[PDB]
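A.B. asks: This is the structure I have questions about; it appears just below.
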Protein chains: 4
Amino acid sequence: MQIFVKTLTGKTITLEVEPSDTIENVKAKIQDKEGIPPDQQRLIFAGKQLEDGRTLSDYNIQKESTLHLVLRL
Amino acid sequence: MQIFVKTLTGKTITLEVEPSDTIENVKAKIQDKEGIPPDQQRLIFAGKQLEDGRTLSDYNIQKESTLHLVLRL
Amino acid sequence: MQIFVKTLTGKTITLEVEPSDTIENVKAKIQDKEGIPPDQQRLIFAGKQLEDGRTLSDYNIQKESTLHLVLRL
Amino acid sequence: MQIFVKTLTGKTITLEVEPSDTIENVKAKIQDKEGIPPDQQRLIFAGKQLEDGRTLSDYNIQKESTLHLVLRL
């Protein structure tokens with residue numbers, strides 16, 4: 001599966017994931033590609049901020065889905 | 001950050017926000033907790049009705065601040 | 001709603017109000033536009049001097065109404 | 001040399017290997033002991049998924065090392 005991520009600055013990043021991947025596995029791939037600490041990642045989908053424990057399937061995230069990544073601190 | 005909201009009927013509601021949260025993010029949390037449409041929310045602070053575009057920091061709203069929520073239609 | 005205000009000197013001022021606005025909310029908008037202390041405002045409508053506590057609807061003030069503003073001290 | 005393998009279900013399996021053994025020789029011993037098709041084996045060490053072509057020495061896997069075996073499909 002592939003999914004996409006958009007940032008508050010307009011930039012998109014592609015990621016290869018699996019329907020079983022947890023949310024903490026998703027930002028941790030984001031830590032491999034862009035270097036952002038996972039603790040400093042907010043991932044937003046269909047109006048809910050994702051929780052590290054659940055999975056992509058849990059949140060009904062399929063192929064071609066676009067998440068939102070807000071950074072905080 | 002936490003802030004508070006008082007109503008013309010004497011009831012207070014607690015909200016967890018951030019100094020970067022916009023005013024439209026604030027009533028939209030109020031739409032999650034009490035069900036009121038945001039378009040039907042007036043938020044009043046230090047004598048000014050808040051504007052959806054600005055932020056809590058913009059209006060100098062810190063931790064422990066109390067807003068006022070007037071409903072119209 | 002819009003209403004109008006005339007002065008003993010012939011000058012008119014427009015105000016945007018609501019049928020629920022009290023009389024003390026009306027002069028206080030007048031304190032924002034012209035700087036006159038509200039305690040120094042008399043508002044006259046259909047032969048009665050308005051009371052701070054009542055409302056525009058209470059006095060049957062509709063859209064397009066013209067009030068009279070007498071200043072005292 | 002001996003190395004160990006842990007599964008997402010908590011079970012460990014011992015294997016006898018050599019520092020020259022490739023990763024495809026390692027899952028293929030796993031196909032002899034537990035019957036899992038090698039194509040259906042993920043082998044994870046020090047944060048990297050191993051590649052069939054490289055060797056145990058290539059990935060700095062010594063005696064007493066513990067790998068991780070994730071099954072997919």
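Residues in the structure tokens are named by chain (A, B, ... in the order shown) and by number from 1 within that chain; ligands are numbered from 1 in the order shown.
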Give me, as a PyMOL selection string, the contact residues of chain B against chain A at a cut-off of 12 Å, counting only C-alpha atoms.

C.D. replies: chain B and resi 18-21+28-29+32

A.B. asks: For the residues in the current selection, export N, CA and C atoms as a PDB file, in the first residue's frame.

C.D. replies:
ATOM      1  N   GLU B  18      -4.295  25.633  22.628  1.00  0.00           N
ATOM      2  CA  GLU B  18      -2.903  25.984  22.448  1.00  0.00           C
ATOM      3  C   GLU B  18      -2.845  27.453  22.099  1.00  0.00           C
ATOM      4  N   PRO B  19      -1.752  28.143  22.435  1.00  0.00           N
ATOM      5  CA  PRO B  19      -1.607  29.563  22.072  1.00  0.00           C
ATOM      6  C   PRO B  19      -1.622  29.812  20.585  1.00  0.00           C
ATOM      7  N   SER B  20      -1.432  28.788  19.767  1.00  0.00           N
ATOM      8  CA  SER B  20      -1.565  28.942  18.329  1.00  0.00           C
ATOM      9  C   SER B  20      -2.982  28.671  17.812  1.00  0.00           C
ATOM     10  N   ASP B  21      -3.873  28.089  18.625  1.00  0.00           N
ATOM     11  CA  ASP B  21      -5.214  27.772  18.135  1.00  0.00           C
ATOM     12  C   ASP B  21      -5.923  29.036  17.659  1.00  0.00           C
ATOM     13  N   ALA B  28     -14.973  25.253  17.381  1.00  0.00           N
ATOM     14  CA  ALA B  28     -15.170  23.931  16.795  1.00  0.00           C
ATOM     15  C   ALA B  28     -14.916  22.829  17.817  1.00  0.00           C
ATOM     16  N   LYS B  29     -14.037  23.075  18.794  1.00  0.00           N
ATOM     17  CA  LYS B  29     -14.005  22.196  19.954  1.00  0.00           C
ATOM     18  C   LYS B  29     -15.280  22.333  20.763  1.00  0.00           C
ATOM     19  N   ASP B  32     -17.742  20.111  19.444  1.00  0.00           N
ATOM     20  CA  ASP B  32     -17.533  18.710  19.823  1.00  0.00           C
ATOM     21  C   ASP B  32     -18.066  18.407  21.223  1.00  0.00           C
TER      22      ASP B  32
END

A.B. asks: From a DSSP calculation on the backbone, collect every residue of chain D in strand (DSSP E or B) and output the set as a list in words.

C.D. replies: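 Matching residues, listed in order: residues 2, 3, 4, 5, 6, 7, 12, 13, 14, 15, 16, 22, 42, 43, 44, 45, 48, 49, 55, 66, 67, 68, 69 and 70 of chain D.
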
A.B. asks: Might you pull out every residue within 10 Å of residue 69 in chain A, with only C-alpha atoms counted and same-chain residues fewer than 2 positions away left off, and present them as a list in words?

C.D. replies: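 In the requested format, the answer is residues 5, 6, 7, 8, 12, 27, 30, 40, 41, 42, 43, 44, 45, 49, 66, 67, 71 and 72 of chain A.
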
A.B. asks: Kindly export the residues of the current selection with N, CA and C atoms, as a compact mmCIF listing (two decimals), in the first residue's frame.

C.D. replies:
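Output file again.txt is given in full below:
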# COMPACT_ATOMS: atom_id res chain seq x y z
N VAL A 5 0.97 12.17 2.62
CA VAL A 5 1.00 13.05 3.77
C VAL A 5 1.18 14.47 3.25
N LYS A 6 0.34 15.37 3.71
CA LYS A 6 0.45 16.78 3.37
C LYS A 6 0.81 17.54 4.64
N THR A 7 1.54 18.65 4.47
CA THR A 7 2.00 19.52 5.55
C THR A 7 1.30 20.87 5.46
N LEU A 8 1.20 21.56 6.61
CA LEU A 8 0.73 22.94 6.66
C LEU A 8 1.49 23.89 5.74
N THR A 12 3.97 17.57 -0.10
CA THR A 12 3.47 16.22 0.05
C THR A 12 4.65 15.26 0.13
N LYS A 27 4.76 7.45 11.72
CA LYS A 27 5.62 8.60 11.91
C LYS A 27 7.08 8.18 11.96
N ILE A 30 8.42 8.39 8.89
CA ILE A 30 8.58 9.81 8.63
C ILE A 30 9.84 10.31 9.30
N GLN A 40 7.12 14.60 17.86
CA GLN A 40 6.78 15.91 17.37
C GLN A 40 5.97 15.81 16.08
N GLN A 41 5.06 14.84 16.00
CA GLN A 41 4.25 14.66 14.81
C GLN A 41 2.80 14.50 15.20
N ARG A 42 1.92 15.28 14.56
CA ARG A 42 0.48 15.07 14.65
C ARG A 42 -0.07 14.58 13.31
N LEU A 43 -0.83 13.49 13.33
CA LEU A 43 -1.30 12.89 12.10
C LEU A 43 -2.81 12.90 12.15
N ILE A 44 -3.43 13.55 11.17
CA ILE A 44 -4.84 13.90 11.22
C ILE A 44 -5.55 13.26 10.04
N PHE A 45 -6.65 12.56 10.32
CA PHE A 45 -7.35 11.87 9.25
C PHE A 45 -8.84 11.92 9.51
N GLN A 49 -7.29 13.16 15.27
CA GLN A 49 -5.85 12.98 15.42
C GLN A 49 -5.58 11.53 15.77
N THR A 66 -4.84 10.29 2.00
CA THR A 66 -3.97 11.41 2.32
C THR A 66 -4.20 11.79 3.78
N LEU A 67 -3.14 11.69 4.58
CA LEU A 67 -3.14 12.13 5.97
C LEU A 67 -2.70 13.59 6.04
N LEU A 71 3.07 19.57 12.92
CA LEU A 71 4.12 19.54 13.90
C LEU A 71 3.77 20.52 15.04
N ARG A 72 4.12 20.11 16.26
CA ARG A 72 3.91 20.88 17.48
C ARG A 72 5.25 21.09 18.20

A.B. asks: With distances taken over only C-alpha atoms, which residue among A:10, A:51, A:37, A:16 lies nearest residue 65 in chain A?

C.D. replies: A:16

A.B. asks: Extract the full set of helix (DSSP H, G or I) residues from chain D according to DSSP on the backbone, and format it as a PyMOL selection string.

C.D. replies: chain D and resi 23-33+38-40

A.B. asks: Hey, can you spit out that residue selection with N, CA, C and O atoms as a PDB file, in the first residue's frame?

C.D. replies:
ATOM      1  N   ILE D  23      21.184 -14.328   4.300  1.00  0.00           N
ATOM      2  CA  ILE D  23      19.863 -14.234   4.907  1.00  0.00           C
ATOM      3  C   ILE D  23      18.897 -15.241   4.268  1.00  0.00           C
ATOM      4  O   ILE D  23      18.010 -15.787   4.938  1.00  0.00           O
ATOM      5  N   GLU D  24      19.070 -15.543   2.985  1.00  0.00           N
ATOM      6  CA  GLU D  24      18.189 -16.531   2.379  1.00  0.00           C
ATOM      7  C   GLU D  24      18.525 -17.942   2.837  1.00  0.00           C
ATOM      8  O   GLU D  24      17.671 -18.832   2.738  1.00  0.00           O
ATOM      9  N   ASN D  25      19.743 -18.179   3.323  1.00  0.00           N
ATOM     10  CA  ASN D  25      20.026 -19.477   3.925  1.00  0.00           C
ATOM     11  C   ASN D  25      19.429 -19.572   5.320  1.00  0.00           C
ATOM     12  O   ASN D  25      19.187 -20.683   5.811  1.00  0.00           O
ATOM     13  N   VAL D  26      19.187 -18.421   5.966  1.00  0.00           N
ATOM     14  CA  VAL D  26      18.692 -18.397   7.342  1.00  0.00           C
ATOM     15  C   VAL D  26      17.197 -18.660   7.385  1.00  0.00           C
ATOM     16  O   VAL D  26      16.717 -19.461   8.193  1.00  0.00           O
ATOM     17  N   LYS D  27      16.422 -18.004   6.528  1.00  0.00           N
ATOM     18  CA  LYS D  27      15.011 -18.341   6.560  1.00  0.00           C
ATOM     19  C   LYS D  27      14.775 -19.735   6.015  1.00  0.00           C
ATOM     20  O   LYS D  27      13.809 -20.391   6.409  1.00  0.00           O
ATOM     21  N   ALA D  28      15.663 -20.219   5.144  1.00  0.00           N
ATOM     22  CA  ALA D  28      15.466 -21.541   4.559  1.00  0.00           C
ATOM     23  C   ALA D  28      15.720 -22.642   5.581  1.00  0.00           C
ATOM     24  O   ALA D  28      15.127 -23.722   5.491  1.00  0.00           O
ATOM     25  N   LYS D  29      16.599 -22.397   6.557  1.00  0.00           N
ATOM     26  CA  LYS D  29      16.630 -23.276   7.717  1.00  0.00           C
ATOM     27  C   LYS D  29      15.356 -23.139   8.526  1.00  0.00           C
ATOM     28  O   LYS D  29      14.903 -24.114   9.140  1.00  0.00           O
ATOM     29  N   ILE D  30      14.780 -21.933   8.551  1.00  0.00           N
ATOM     30  CA  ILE D  30      13.523 -21.730   9.248  1.00  0.00           C
ATOM     31  C   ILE D  30      12.407 -22.454   8.520  1.00  0.00           C
ATOM     32  O   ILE D  30      11.431 -22.875   9.148  1.00  0.00           O
ATOM     33  N   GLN D  31      12.540 -22.640   7.191  1.00  0.00           N
ATOM     34  CA  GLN D  31      11.568 -23.444   6.439  1.00  0.00           C
ATOM     35  C   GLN D  31      11.711 -24.932   6.758  1.00  0.00           C
ATOM     36  O   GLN D  31      10.723 -25.672   6.732  1.00  0.00           O
ATOM     37  N   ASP D  32      12.894 -25.360   7.207  1.00  0.00           N
ATOM     38  CA  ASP D  32      13.103 -26.762   7.587  1.00  0.00           C
ATOM     39  C   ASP D  32      12.570 -27.065   8.986  1.00  0.00           C
ATOM     40  O   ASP D  32      12.132 -28.194   9.251  1.00  0.00           O
ATOM     41  N   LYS D  33      12.587 -26.078   9.899  1.00  0.00           N
ATOM     42  CA  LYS D  33      12.232 -26.340  11.295  1.00  0.00           C
ATOM     43  C   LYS D  33      10.762 -26.057  11.619  1.00  0.00           C
ATOM     44  O   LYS D  33      10.154 -26.801  12.404  1.00  0.00           O
ATOM     45  N   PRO D  38       9.932 -19.200   3.013  1.00  0.00           N
ATOM     46  CA  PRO D  38      10.854 -18.052   3.147  1.00  0.00           C
ATOM     47  C   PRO D  38      10.320 -16.735   2.615  1.00  0.00           C
ATOM     48  O   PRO D  38      10.510 -15.689   3.263  1.00  0.00           O
ATOM     49  N   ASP D  39       9.684 -16.743   1.434  1.00  0.00           N
ATOM     50  CA  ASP D  39       9.053 -15.524   0.926  1.00  0.00           C
ATOM     51  C   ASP D  39       8.092 -14.927   1.933  1.00  0.00           C
ATOM     52  O   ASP D  39       7.709 -13.760   1.815  1.00  0.00           O
ATOM     53  N   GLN D  40       7.687 -15.699   2.928  1.00  0.00           N
ATOM     54  CA  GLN D  40       6.788 -15.160   3.916  1.00  0.00           C
ATOM     55  C   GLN D  40       7.515 -14.936   5.244  1.00  0.00           C
ATOM     56  O   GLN D  40       6.944 -15.157   6.314  1.00  0.00           O
TER      57      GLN D  40
END

A.B. asks: What is the distance, in Å and to one decimal place, between CA of residue 64 in chain D and CA of residue 3 in chain D?

C.D. replies: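 Distance between the two atoms: 5.2 Å.
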